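*Asks:*
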Amino acid sequence: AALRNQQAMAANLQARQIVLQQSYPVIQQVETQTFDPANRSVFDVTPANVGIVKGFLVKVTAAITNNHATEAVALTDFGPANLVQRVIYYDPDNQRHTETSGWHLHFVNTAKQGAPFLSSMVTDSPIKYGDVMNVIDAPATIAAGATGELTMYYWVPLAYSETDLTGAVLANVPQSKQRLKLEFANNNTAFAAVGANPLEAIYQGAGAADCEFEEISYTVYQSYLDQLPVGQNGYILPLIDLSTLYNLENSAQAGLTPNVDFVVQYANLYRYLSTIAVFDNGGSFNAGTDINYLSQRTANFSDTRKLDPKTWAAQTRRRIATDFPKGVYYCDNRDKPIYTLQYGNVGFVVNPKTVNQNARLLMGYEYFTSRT
Amino acid sequence: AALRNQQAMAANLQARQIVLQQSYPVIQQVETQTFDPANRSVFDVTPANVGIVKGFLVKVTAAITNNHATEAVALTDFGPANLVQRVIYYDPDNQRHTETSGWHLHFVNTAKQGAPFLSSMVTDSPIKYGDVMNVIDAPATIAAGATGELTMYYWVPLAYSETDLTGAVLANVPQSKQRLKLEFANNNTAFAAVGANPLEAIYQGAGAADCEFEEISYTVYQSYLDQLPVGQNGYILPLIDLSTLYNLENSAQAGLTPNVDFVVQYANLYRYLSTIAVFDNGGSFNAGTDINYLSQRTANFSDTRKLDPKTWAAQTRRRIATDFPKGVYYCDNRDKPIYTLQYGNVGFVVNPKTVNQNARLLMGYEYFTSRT
Amino acid sequence: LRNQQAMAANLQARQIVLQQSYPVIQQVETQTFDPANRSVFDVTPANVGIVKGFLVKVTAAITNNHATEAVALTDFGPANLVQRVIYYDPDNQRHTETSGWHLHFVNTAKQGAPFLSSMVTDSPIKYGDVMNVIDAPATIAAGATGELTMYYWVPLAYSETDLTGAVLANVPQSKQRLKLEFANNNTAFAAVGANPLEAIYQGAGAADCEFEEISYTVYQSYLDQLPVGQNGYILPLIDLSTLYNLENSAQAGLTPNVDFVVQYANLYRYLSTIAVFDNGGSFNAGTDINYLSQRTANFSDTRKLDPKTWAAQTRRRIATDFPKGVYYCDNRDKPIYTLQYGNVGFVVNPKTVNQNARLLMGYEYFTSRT
Amino acid sequence: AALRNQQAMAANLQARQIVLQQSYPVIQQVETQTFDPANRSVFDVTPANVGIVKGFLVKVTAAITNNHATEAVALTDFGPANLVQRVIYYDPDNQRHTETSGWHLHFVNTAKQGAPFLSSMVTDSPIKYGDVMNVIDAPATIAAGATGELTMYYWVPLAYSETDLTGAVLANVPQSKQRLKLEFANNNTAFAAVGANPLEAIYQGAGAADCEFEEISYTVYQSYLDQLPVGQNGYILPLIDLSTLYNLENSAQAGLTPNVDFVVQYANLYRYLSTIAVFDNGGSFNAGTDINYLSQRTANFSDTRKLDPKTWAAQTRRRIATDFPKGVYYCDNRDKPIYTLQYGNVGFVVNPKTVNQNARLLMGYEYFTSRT
Amino acid sequence: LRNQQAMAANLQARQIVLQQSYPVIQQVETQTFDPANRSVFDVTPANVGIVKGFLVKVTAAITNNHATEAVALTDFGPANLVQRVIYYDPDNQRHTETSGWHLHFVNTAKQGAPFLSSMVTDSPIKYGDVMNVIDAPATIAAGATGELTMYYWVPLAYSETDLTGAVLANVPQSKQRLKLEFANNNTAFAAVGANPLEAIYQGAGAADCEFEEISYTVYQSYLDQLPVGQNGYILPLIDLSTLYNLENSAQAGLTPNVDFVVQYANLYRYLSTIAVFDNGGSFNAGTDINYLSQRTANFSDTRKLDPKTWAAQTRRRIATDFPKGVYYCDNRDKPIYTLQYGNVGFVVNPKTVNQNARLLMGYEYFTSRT
């Protein structure tokens with residue numbers, strides 16, 4: 000009783016280690032396409048069915064021309080992170096894993112790297128290191144009549160990390176394809192007029208109505224483990240890792256009122272590793288000034304980290320070495336995931352100071368859950 | 000002897016029922032694109048490889064501008080049903096299933112619904128039901144200088160129905176993609192000049208030469224069964240259903256002469272569920288007045304339903320609650336499919352009263368046949 | 153699993169009852185009144201045999217006393233003659249508790265066409281809207297009086313052949329309660345610019361419109377002459393111990409481009425879902441919505457569709473579209489049944505959200521009396 | 000030892016034969032587009048995933064108007080072969096096969112046909128055979144104010160030939176698309192001014208600056224084998240054929256000096272079937288007069304065919320029944336492919352007589368190599 | 153396989169040594185000179201304990217004596233103050249033999265950020281480039297003198313915790329040799345249009361630039377007070393019998409759109425690979441390359457990537473990009489180890505190839521003293 004799982008854990012970990020030691024990691028291009036967003040913006044990519052799939056690195060480039068006669072546009076807070084609006088992955092058994100927004104996926108990529116994802120840090124080095132290759136790049140502004148070039152990368156995870164295969168997918172089933180759906184930005188989502196909500200946009204400004212994509216291009220690279228190890232009983236595989244879902248999902252909630260605790264409940268069964276809360280205060284994104292405090296509480300009137308916005312931000316600076324954009328708040332629960340079974344119902348709390356019309360909290364979650 | 004098939008039938012039906020009871024039906028978007036027909040009109044869609052695929056619901060919208068200085072155009076008899084010129088589906092084994100015209104597919108969608116496909120019936124209800132959502136819609140005329148908006152839907156079937164999986168496709172083979180090819184209308188097929196054949200066109204009239212598509216957009220939704228049931232021997236599956244092809248195909252035949260029986264033979268092996276015959280009388284489509292009678296005969300000079308056009312139309316009114324467009328004739332053989340093996344050669348007969356130059360019969364068939 | 157035996161028996165008993173008993177539809181009560189004095193009535197059904205449902209006939213005369221302005225039917229029109237209905241069985245257990253408009257939309261969904269409507273055809277024989285079964289003037293001009301007729305079927309049994317949800321009333325003397333709340337001079341007329349959701353007419357002359365009177369007649373449908381056997385009455389015990397109810401609710405908190413999820417409760421087997429997008433008093437034909445869907449936690453959407461494609465599925469069910477802003481979902485063959493509260497939710501991702509926006513939900517479900 | 004490969008060879012050949020005998024060859028259109036080069040010239044075609052893919056026949060047509068007021072333009076030596084500037088193919092595993100110039104691909108098409116690709120030979124026949132269909136065609140000159148029409152075809156090979164499936168691609172992986180990238184000529188590459196380098200151009204002359212494409216159209220036809228044969232162990236397939244790459248690639252080298260051997264080394268591992276060397280003598284293309292001799296040598300100061308230009312050309316006349324254009328030299332090593340492992344390093348040699356400024360050798364190779 | 157026992161023992165011994173000995177960093181030699189007279193020096197390390205590596209500090213003053221033209225730092229700048237380094241252990245066996253710039257890039261790869269750099273932050277407290285640890289003027293104007301400082305870590309041991317490659321020098325009196333070749337007036341300055349690969353400054357005034365002087369100080373890092381046991385010194389025999397070396401090479405023969413493959417040798421366990429595309433003196437930010445990869449014969453590529461995606465992997469390793477035309481590949485967790493010469497190769501498929509193009513390779517590897 001319960002000892003069977005203690006054994007299962009060791010067997011799973013043992014097999015994970017053997018797989019990591021014996022297999023060979025491969026990153027391979029699976030598809031590349033250049034398109035005009037005016038014609039199409041939704042694509043369904045069919046990755047290869049080889050060994051254990053760890054994730055996908057998605058490269059996105061775009062050329063945007065601001066055709067306005069006189070006005071410019073400037074990057075929104077999320078900018079190129081909004082080149083992909085939504086990403087959804089389905090495994091060979093047609094089970095959904097990650098299903099979230101490009102901006103949420105990007106903030107998690109940053110959280111897991113411990114710094115702005117794939118960024119180039121600035122130093123005093125006289126040797127010419129720096130932003131040489133423009134891996135993630137977008138012009139701060141695009142003047143009237145100008146064309147800007149952007150590059151963005153997203154890592155869509157299946158496995159939790161390079162050493163923790165929890166969430167990985169065994170794609171060996173012939174005739175049963177995986178599916179990576181990408182819903183890209185287009186001329187209706189990428190450009191926000193002055194005064195409009197910039198949340199999902201790339202550029203905002205007085206020239207927005209005349210901005211257009213010349214083209215968008217994407218290349219999907221699939222990362223997997225080949226040459227899987229075989230034993231007496233055949234393929235040595237961490238069964239728990241491969242039967243666990245590691246997913247990112249987002250949601251929206253409204254109903255905030257000044258000085259009243261707004262509580263977003265965590266669902267049961269899911270083990271929440273991180274939580275992101277974006278306070279879209281009716282299109283306004285503020286640097287903590289519209290919030291009294293944020294917290295996580297296990298009901299029973301018990302906060303584990305009720306903090307003023309600046310102190311909450313301080314905890315985040317310890318995790319990613321900088322602040323997330325205005326109105327974006329992060330919470331790390333990786334070592335002790337929020338799990339309602341072992342702590343009772345828990346909720347994420349925001350007590351707003353100021354609430355504009357159409358205010359809402361956009362939540363992003365990272366979690367583990369059993370397939371069955 | 001022959002008892003093996005009697006058992007196979009029961010096993011197939013039993014498994015079909017288990018699959019229907021245990022699986023979960025899903026309808027999911029697989030691709031959406033907006034394009035200019037002047038640049039391209041043929042697309043190859045790659046659907047997802049998940050479980051048992053039942054069919055595809057294809058949404059098509061378009062904006063058409065009549066740039067003529069003075070003349071209008073009016074819908075042809077088929078109208079928006081001609082937004083898709085041809086549809087062809089190939090399964091993972093690269094076997095062709097349906098391969099037909101958009102107009103034929105649409106008439107079969109109507110026949111199987113028992114009323115004009117996805118239409119809104121008119122009633123005396125004071126409550127505001129009606130054509131609220133314009134699911135299938137097209138302006139009757141497009142004036143000189145005006146732009147009309149159209150919406151059309153087609154159901155491309157694999158399975159015969161929601162409860163009869165005959166024809167369904169098991170798409171689990173990784174690396175073996177299905178293919179749904181769509182050949183859309185364009186500026187050369189959609190607009191017929193006065194006096195030209197309107198068969199494949201959407202609009203016809205004195206302003207036709209100056210009509211053009213501003214754009215066409217399509218969205219393909221895939222309907223399938225997920226969470227397939229497993230048993231002692233693995234996946235429980237109706238092997239006969241999944242190894243049978245349910246296809247729609249069309250053809251053209253010429254050589255008609257006044258008062259002489261024009262006979263179109265049914266091929267052997269195929270089990271014909273329905274037959275559609277369109278009398279394209281050299282570009283003229285008449286309401287039965289150019290026909291003496293229609294029939295189905297098992298050779299051996301034996302008609303099973305030799306009828307005058309109005310009486311033939313009466314049988315059809317019992318099936319779809321109205322008449323098909325001028326010159327379009329329908330025949331239901333669903334309960335007792337035409338099968339040459341069990342009745343000898345059979346043919347569809349039209350004895351024309353009047354025959355114009357370039358007259359021909361366009362035939363549309365719905366049938367079941369064995370993969371092997 | 154002695155369930156197979158229970159279900160097998162239940163079904164057999166149902167068939168014997170349908171085969172042996174005789175259907176009766178009988179008037180139980182009629183009343184005429186002035187909404188200015190009263191609008192809530194508690195009808196007492198007859199306690200006889202197995203009760204299947206109630207057909208409620210409502211007629212009304214509305215006078216537009218305005219000097220010069222007319223009013224016109226709202227989208228729901230006469231379907232708002234009854235604002236709410238509640239039914240309590242002899243054991244004090246509630247079955248349906250919903251709005252008149254939701255009840256009407258379910259009546260339509262179950263018929264497969266606008267409830268009790270007259271279809272238009274090319275027939276030269278004079279079939280047509282001869283009897284004005286459900287009827288209301290499109291407009292009532294200043295100084296005019298319009299006559300309206302509306303019918304509602306309050307179901308207990310699921311259908312004429314499926315007695316799930318039916319009520320055995322030959323039982324105790326304990327009374328049934330069919331509560332009806334009718335429209336009144338405060339709910340039936342909406343001023344220009346006001347929310348027309350619960351109103352019958354809207355327009356410039358609304359402030360001066362009033363009911364001349366309202367009348368209702370309730371007909372009770374039941375099975376009499378129940379079959380008897382060895383142990384006694386042959387009865388489908390599962391059918392009679394199951395509740396078939398319609399219920400409504402309201403949810404708010406919608407935000408542009410964000411998924412608004414209405415969770416389904418556990419225990420209930422949801423047969424259909426209706427969601428009305430009351431966009432701050434505006435009712436649009438899908439243009440204010442990105443998509444609708446039904447989703448299971450950690451298994452994504454089973455039918456995420458654009459508004460027109462969602463409407464296409466509905467056209468296959470009722471042969472037309474429901475009124476603007478009204479969305480229907482059929483789950484009859486495979487009822488939504490979570491087992492865990494919220495394992496499944498109804499989703500609406502709005503494109504535009506006005507002030508005071510909300511989703512008015514309507515549900516049809518089965519649940520055991522437990 | 001080494002005997003396993005001798006068996007593998009026989010198994011591979013046996014399966015190849017079964018596949019050829021049992022499958023059915025199909026050539027099918029996959030995409031057609033008409034475009035204005037001023038708007039776009041690079042396209043990425045997604046072919047169908049059916050059976051074993053042998054190659055693609057690409058039809059290209061164009062209308063070119065010479066808007067110059069007074070001067071004409073004339074075809075360059077390569078002419079319509081420069082309608083496609085570069086072609087690159089990627090298989091489902093995202094592995095690159097052919098990656099070369101349109102002119103190189105065309106010269107190889109010619110070499111493998113044994114005569115100018117898809118040309119019409121001239122004979123004394125009184126029966127009206129001849130250039131009836133203008134399969135590959137381009138007007139010799141386009142006068143001031145005139146519009147010329149061109150047609151060009153390229154065969155992009157995967158399989159080596161119709162009977163040798165070495166290089167063919169198994170495209171059955173659902174969700175893993177192949178990609179055929181075509182970079183077409185445009186108004187900046189197709190027209191060379193007098194004195195400019197004509198290498199990549201279609202027309203050259205005094206009216207070049209005013210020449211423009213009215214349009215370019217392409218149609219890609221995919222050739223493949225359907226109805227693949229199945230055996231006890233499933234699909235019978237030549238594993239060596241399908242795991243070998245048959246590619247064409249080109250490169251450029253400079254640093255030539257009069258009377259000094261210019262040597263271009265062959266890389267190891269690749270089995271080189273043919274070599275093409277184009278002596279772009281600073282924009283001048285001469286009929287051998289700027290070369291002392293050409294050769295192939297296995298280092299160790301050992302030439303296997305050191306020949307004067309005319310004698311080298313004589314060997315080529317035996318292969319394609321005519322000469323390649325000025326400055327284009329061909330070498331057939333099909334029966335005994337250049338392989339550095341079995342002969343040591345080998346190089347292609349050109350000893351120039353005259354060397355202009357900006358001289359270079361453009362090399363084109365045809366080769367086989369292992370995927371792994 | 154008594155290897156498990158050997159490795160188990162080696163690792164235990166390593167831990168005892170790290171736990172029991174004491175780390176020392178000590179100056180072994182300093183010298184100031186004029187490159188016009190000499191630029192090659194052979195430093196003699198101290199023979200004490202287990203030697204882990206050498207920290208080499210180099211300072212220089214450069215005078216631009218040109219009348220009116222300035223010069224500016226090349227991409228490598230002060231990293232070219234040392235042209236080459238070679239280390240010989242007491243047994244006459246060579247370990248590292250590479251260029252100063254390759255050594256510097258590995259120092260950066262191992263640190264996970266530009267070696268000994270000062271990161272810029274928003275801190276109001278005055279942290280920053282206070283001490284100019286690695287520093288050089290961006291430009292030196294005509295008539296000006298600039299002061300430069302550069303540091304290099306020549307490793308023997310792989311890291312502070314992994315003694316693989318370390319050298320036992322308490323052993324024989326036989327001397328160690330740390331050979332250093334410094335930049336001189338012929339290598340440090342590149343004229344406009346000349347190849348700047350090995351230079352520190354390039355520009356119109358280059359011909360008249362010269363070193364005023366160069367100074368170096370070598371610090372030796374070692375472990376003293378080695379632990380003794382029964383048989384004597386407790387030592388990780390595998391660590392001390394393994395060589396951890398950096399080496400460079402040059403390859404030519406690149407052709408547009410053709411795979412250029414640099415084979416890896418057998419026996420060596422390659423931890424990292426650096427490839428510099430010296431495109432005839434031009435250094436581009438990936439625009440002259442189609443893709444890079446690592447490939448095994450008859451098993452295709454394990455990482456065929458476009459230049460930007462290749463750079464993305466590097467950004468995860470050093471938090472920025474290496475200079476233009478410099479490409480890095482980390483194989484630390486699973487070192488390239490062929491067993492058969494050339495079973496694995498490093499691939500570069502160039503888009504454009506200029507005259508005198510070549511790839512300058514740099515490797516980090518482990519190999520047994522055999």
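Protein chains in written order, with my numbering: chain A, 0 to 371; chain B, 0 to 371; chain C, 153 to 522; chain D, 0 to 371; chain E, 153 to 522. Note that beta-carbon positions come from the ideal geometry of N, C-alpha and C, so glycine has one too.
(1) Step through the CB atoms of chain A and report whether any lies within less than 8 angstroms of the CB of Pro-173/B.
(2) From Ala-143/B to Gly-54/B, what does the alpha carbon distance come to, in whole angstroms?
(3) Classify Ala-71/A as helix, strand or coil using the three-state DSSP reduction.
(4) Between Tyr-240/E and the rest of its own chain, which residues show a CB-CB distance below 6 angstroms, the 5 nearest in sequence each way excluded?
(5) Using a Cβ-Cβ cutoff of less than 7 angstroms, which residues in the same chain neighbour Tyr-223/A once the five nearest sequence positions on both sides are dropped?
(6) In chain B, which residues lie less than 9 angstroms from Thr-31/A when you measure between Cβ atoms?
(7) Can you tell me where the alpha helix (DSSP H) holding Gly-101/A begins and where it ends?
(8) Report buried or exposed for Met-302/C, applying the criterion of at least 16 other Cβ atoms within 10 angstroms of its Cβ.
(9) Keeping to the same chain, check which residues put their C-beta closer than 7 angstroms to that of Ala-231/E; ignore five residues upstream and five downstream.
(10) Just checking: is the beta-carbon of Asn-285/D within a distance shorter than 8 angstroms of some beta-carbon in chain E?
(11) Quick one: which residues of the region 418-452 of chain C get their C-beta closer than 7 angstroms to a C-beta of chain A? List them in chain order.
(12) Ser-269/C: buried (16+ other C-beta within 10 angstroms of its C-beta) or exposed?
(13) Check whether the Cβ atoms of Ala-358/B and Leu-255/B sit closer than 8 angstroms, and answer yes or no.
(14) Judging by CA-CA distance, which residue of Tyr-202/B, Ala-110/B and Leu-169/B is the nearest neighbour of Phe-323/B?
(15) Helix, strand or coil: how does DSSP classify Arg-15/D here?
(16) Return the Cβ separation of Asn-431/C and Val-505/C in integer angstroms, given the expectation that the two are a contact with Cβ distance under 8 angstroms.
(17) Whole beta strand (DSSP E) runs in the region 106-166 of chain D with 3 or more residues, listed along the chain?
(18) Measure from the alpha carbon of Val-277/B to the alpha carbon of each residue in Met-362/B, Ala-73/B, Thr-97/B and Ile-63/B, then state which is nearest.
(19) Would you decide whether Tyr-174/C is buried or exposed? Buried here means 16 or more other CB atoms lie within 10 Å of its CB.
(20) With three or more C-beta pairs closer than 8 angstroms as the rule, is the region 465-484 of chain C touching the region 400-417 of chain C?
*Replies:* Reading off the structure:
(1) yes
(2) 39 angstroms
(3) coil
(4) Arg-246 and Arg-329
(5) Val-25, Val-49, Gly-50, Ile-51, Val-52 and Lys-53
(6) Correct list: empty, because the minimum Cβ distance to chain B is about 15 angstroms.
(7) 101-112
(8) buried
(9) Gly-252, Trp-253, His-256 and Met-302
(10) no
(11) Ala-449, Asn-450, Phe-451 and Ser-452
(12) buried
(13) yes
(14) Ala-110/B
(15) helix
(16) 7 angstroms
(17) 146-156
(18) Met-362/B
(19) exposed
(20) no
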